[PDB]
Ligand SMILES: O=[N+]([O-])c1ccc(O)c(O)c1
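For reference, the chain that follows is the form solved without 4-nitrocatechol, supplied as structure tokens.
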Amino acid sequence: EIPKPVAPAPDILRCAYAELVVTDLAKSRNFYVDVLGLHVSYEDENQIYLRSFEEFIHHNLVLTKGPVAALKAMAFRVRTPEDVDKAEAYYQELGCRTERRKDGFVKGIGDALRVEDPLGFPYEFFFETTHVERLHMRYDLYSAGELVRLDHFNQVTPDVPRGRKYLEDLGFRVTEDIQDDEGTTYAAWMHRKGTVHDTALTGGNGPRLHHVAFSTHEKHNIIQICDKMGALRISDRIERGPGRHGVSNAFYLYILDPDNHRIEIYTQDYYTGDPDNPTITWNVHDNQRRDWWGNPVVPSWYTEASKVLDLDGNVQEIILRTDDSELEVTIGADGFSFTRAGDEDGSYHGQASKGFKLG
């Protein structure tokens, strides 16, 4: 029900950075720099600008001190300076609030457009950015858990098909989704850069930000993040994983920052750059769709996500999902999942897999 503008979509290259508001900058720095090993591009008493090992643009993550932890912006880089004008015209045709800043909203980004999009998310579009030393061969700096790239964002929104249509008009290509036989869609993944995704929609009350994901080179890098968190006696901040995803086929881990912003560590999905890339649809009751090994999805993964801000810095209204809940239909009292479709053996009814019920 979001109309396709007459104005052409901006040519979006990829997800580029997120700006997160955090309440205690020093505690956040300990997490993202000391625990996770991200590289400081700039910092002061109010903000920390961080980048991954292989990045050449100024940053992939901005931590901004503020009163309420929330997503401030999720930024996509566009192909040319002119694409920023294209974005402004596009979102103005959609009737969205926009704000244009020739000098950027954060350090190391030039001409940029921020919008309150039709789903209530603060999107930024920019071309201009300050190039920095690309650390991709700085093995003298390489950590055993090195985060090498920003991979994607994941957004919680109550009506997945409505947002899917809007993102497809914007140029995102759907690669995978989760549906049921009744016709409910629970989640969709969509890309620009030729990986499984740049952003994704997860069914739930929204707008809220589900997570920001970074890549590693290898699976052992993700294991090391887990081991290091055990060493630091902060294993309570490992939310879910590590595991192998069904959707995306990536090896993964979810952890929680000091303000409960969820970060995913991700590796080794597949190439999606061909225009006829085969879509994959999974059934919601398939117990291998989220964790391929059938490990249970922790309930907080379905219920918890970050606030997002509007262009005034105020928290966006959250709308209740009315479509069926993935948690409820799979691991809730009236839910079920299977290992083999139609087989009662290896099926779970009214609880999660591996012998667990909801706490």
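In this text, residue numbers run from 1 along the sequence as written.
Between 124-132 and 83-91, which has the larger average Cα B-factor in the PDB entry? For C-alpha atoms only, the mean B-factor is higher in 83-91.
Do the C-alpha atoms of 225-233 or of 174-182 have the higher average B factor in the entry?
Of 225-233 and 174-182, the stretch with the higher C-alpha B-factor average is 174-182.
**Message:** Maximum C-alpha temperature factor per the entry, among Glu218, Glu264, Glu146, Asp103, belongs to which one?
**Reply:** The listed residue with the largest C-alpha B-factor is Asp103.
- Task: Taking the values exactly as deposited, rank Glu326 by C-alpha B-factor within its chain and report the matching third: lowest, middle or highest.
- Result: Ranked within chain, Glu326 CA B lands in the middle tercile.
(Q) Among the modelled residues of this chain, does the Cα B factor of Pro242 put it in the lowest, middle or highest third? (A) Bottom third by C-alpha B-factor.
Item to complete: Tell me, lowest, middle or highest third: where does the Cα B factor of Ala18 rank within its chain?
Response: Tercile = lowest for this residue's CA B-factor.
Checklist line | Chain-wide C-alpha B factor ranking for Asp259, given as lowest, middle or highest third | finding: For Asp259, whose C-alpha B-factor we compare with every modelled residue in the chain, the answer is the middle third.
Check your understanding: Which third of the chain holds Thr98 when residues are ordered by C-alpha B factor: lowest, middle or highest?
Key -> For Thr98, the deposited C-alpha B-factor lands in the highest third.
Omitted here: the form solved in complex with 4-nitrocatechol. The next part is about that form.
Test of understanding: in the deposited bound form, would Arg240 fall inside 4.5 Å of 4-nitrocatechol by heavy atoms? Contact check for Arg240: yes, within 4.5 Å of 4-nitrocatechol in the deposited bound form.
Check your understanding: If you check in the deposited bound form, is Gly246 within 4.5 Å of 4-nitrocatechol, heavy atoms only?
Key -> Close contact exists here: in the deposited bound form, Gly246 approaches 4-nitrocatechol to within 4.5 Å, heavy atoms only.
message = I'd like to check something about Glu264: if you look in the deposited bound form, is any of its heavy atoms closer than or equal to 4.5 Å to a heavy atom of 4-nitrocatechol?
response = Yes, contact at 4.5 Å.
- Query: According to a 4.5 angstroms non-hydrogen atom cut-off, is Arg289 in contact with 4-nitrocatechol in the deposited bound form?
  - Reply: Yes, contact at 4.5 Å.
Could you tell me if all three of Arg114, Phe125 and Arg208 have a heavy atom no more than 4.5 Å from 4-nitrocatechol in the deposited bound form? Result no, not one residue of the spot touches 4-nitrocatechol.
With 4-nitrocatechol left out here, work out from 84-92, 264-272, 117-125, 226-234 which stretch has heavy atoms within 4.5 Å of it in the deposited bound form. That would be stretch 264-272.
| field | Sole residue of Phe214, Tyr254, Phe76, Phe172 within 4.5 Å of 4-nitrocatechol in the deposited bound form, by heavy atom | value | Filtering the options by heavy-atom distance leaves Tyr254.
If you apply a 4.5 angstroms heavy atom cut-off, which residues in 170-193 are near 4-nitrocatechol in the deposited bound form? The stretch touches the partner through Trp189 alone.
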